[PDB]
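Notes follow the structure.
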Amino acid sequence: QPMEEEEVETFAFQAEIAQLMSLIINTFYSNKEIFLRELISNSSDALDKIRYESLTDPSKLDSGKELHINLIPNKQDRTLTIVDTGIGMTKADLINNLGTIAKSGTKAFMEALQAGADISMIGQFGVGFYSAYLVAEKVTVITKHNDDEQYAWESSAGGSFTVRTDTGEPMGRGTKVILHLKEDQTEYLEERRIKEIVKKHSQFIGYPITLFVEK
Ligand SMILES: COc1cc2cc(c1)NC(=O)/C(C)=C/CC[C@H](OC(N)=O)[C@@H](OC(N)=O)/C(C)=C/[C@H](C)[C@@H](OC)[C@@H](OC)COC2
Ligand SMILES: [Mg+2]
């Protein structure tokens, strides 16, 4: 019954990453659907990493043998969740790779946009994760790596993100991206739309992908 206590750490995004997020959020782009391609591609890379690590150390699969991606639309919460059982990320990985450290592709990509380039090019510049903000007002990343505890990263943009130990349902290993969709982007909760986008953009994943549909 006693009051629970939880630690949170708040971080500022690196300057160019903050500028990138603002550009993605406040500019109109057609072809926003490519966000799902980018997230699935990141999952595939995380899956490749645990796969190859396990060839040399099979104990790394003690946290889960199955290597796959699950897509979970939730119309009640208005969330689309992409879950993989890839290598996952440590706390240090989250902090370094999801916000605080500069990427070499950020500037070149922003300038490419502000010249008319299609947003689809984002993955080539190594900042494809941020395409989530084309469709989501808030993104929560839950992750579990063999070498660390389970962590939750979250940002509604505006310049900062938080990291905390996750009190939610334990995952054996991997990463779960929860997209809290903007009110005008609920088409990405529809089964037909999700299937269309995966069929169009994500046909060479290398791992099984399953769509879970309520009701
Ligand atoms: C193309 O491949 C990459 C690689 C990187 C960045 C991006 C794409 N591109 C990005 O835009 C960023 C900021 C990705 C952040 C990291 C991704 O997180 C979300 N959910 O998309 C995460 O994905 C999942 N499912 O685990 C990935 C890919 C983690 C991999 C395994 C891990 O390698 C050891 C990361 O360092 C810890 C790599 O970071 C660099
Ligand atoms: Mg790949």
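Can you divide the C-alpha Rg of segment 70-193 by 2.2 N^0.38 Å and report the result to two decimal places? If you can, show how the numbers build up before the last one.
Numbers: Rg = 15.2 Å, N = 124, 2.2 N^0.38 = 13.7 Å.
Computed over Cα atoms of segment 70-193, the ratio equals 1.10.
Give me a comma-separated list of calculated 3J(HN,Hα) values for segment 34-40, in order, Karplus coefficients 6.51, -1.76, 1.60 applied at θ = phi - 60°, integers in Hz, x for any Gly or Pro.
5, 3, 6, 4, 5, 5, 5
Residues with beta-carbon under 14 Å from that of residue 18, excluding residue 18: net charge, scoring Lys, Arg +1 and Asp, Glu -1? Each step should come with its number before you reach the end.
Working: positive: 103, 107; negative: 16.
Its environment carries a net charge of +1.
Using 0.36 nm times the number of residues separating residue 74 and residue 124, minus their current alpha carbon distance, what extension gain do you get?
15.0 nm
Binning at 5 Å from 0, report for the chain what percent of all alpha-carbon pair distances ends up in each bin.
Histogramming the chain at 5 Å steps yields 1, 7, 15, 19, 20, 18, 12, 6, 2, 1, 0, 0 percent.
Any idea how far apart residue 149 and residue 191 come out in nm if each label point goes 7 Å out from Cα toward Cβ?
It works out to 3.9 nm between the two label points.
Distance cut-off 25 Å, Cα to Cα: go down the list 103/195; 144/182; 103/200; 75/199; 60/138 and report the pairs above it. Mind dumping the intermediate values first?
Working: 103/195 32 Å; 144/182 27 Å; 103/200 28 Å; 75/199 22 Å; 60/138 32 Å.
Distance filter (> 25 Å) returns 103/195; 144/182; 103/200; 60/138.
From the backbone phi of segment 72-79, what are the Karplus-calculated ³J(HN,Hα) couplings (6.51 cos²θ - 1.76 cosθ + 1.60, θ = phi - 60°) in whole Hz, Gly and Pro given as x?
My calculation for segment 72-79 gives 10, x, 10, 6, 5, 8, 6, 10 Hz in order.
Tabulate in residue order the Karplus-calculated ³J(HN,Hα) for segment 43-53, using 6.51 cos²θ - 1.76 cosθ + 1.60 with θ = phi - 60°, rounded to whole Hz; enter x for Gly and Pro.
Whole-Hz 3J(HN,Hα) from phi for segment 43-53: 4, 4, 5, 5, 5, 4, 5, 5, 4, 5, 4.
Using alpha carbons only, how many angstrom separate the centre of segment 74-109 from the centre of segment 1-68?
First find each Cα centre; the distance between them is then 3 Å.
Roughly speaking, what is the stretch gain from residue 8 to residue 55, that is 0.36 nm per residue apart minus the C-alpha to C-alpha distance, in nm to one decimal?
Working: separation 47, 0.36 × 47 = 16.92 nm, distance 3.62 nm.
Extra length from residue 8 to residue 55 when fully extended: 13.3 nm.
Based on other C-beta atoms within 10 Å, arrange 34, 69, 25 from fewest to most.
On the way: 34 21, 69 25, 25 16.
The most exposed by this proxy come first: 25, 34, 69.
Rounded, prolate or oblate for segment 1-50? Axes are the square roots of the Cα gyration tensor eigenvalues, ordered a ≥ b ≥ c, and the cut-off for rounded is a/c under 1.5.
Numbers: a/c = 2.23, a/b = 1.37, b/c = 1.62.
Verdict is oblate for segment 1-50.
What order do you get for 93, 48 when you list them from fewest to most C-beta neighbours inside 10 Å? Walk me through the numbers before you get to the answer.
Details: 93 18, 48 15.
Neighbour counts put them in this order, fewest first: 48, 93.
With charges set only on the Cβ (+1 for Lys and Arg, -1 for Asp and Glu), what does the dipole of segment 81-215 come to about its Cα centre, in debye to the nearest 20?
On the way: 15 positive and 18 negative charges, 47 e Å.
Rounded to the nearest 20 debye, it is 220 debye.
Positions of Cβ are generated from backbone atoms using ideal geometry, with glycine treated the same way; all protein chains shown enter the neighbour counts. Any read-out appearing in this document is the output of simple, stated calculations on the displayed coordinates, not a laboratory observation.
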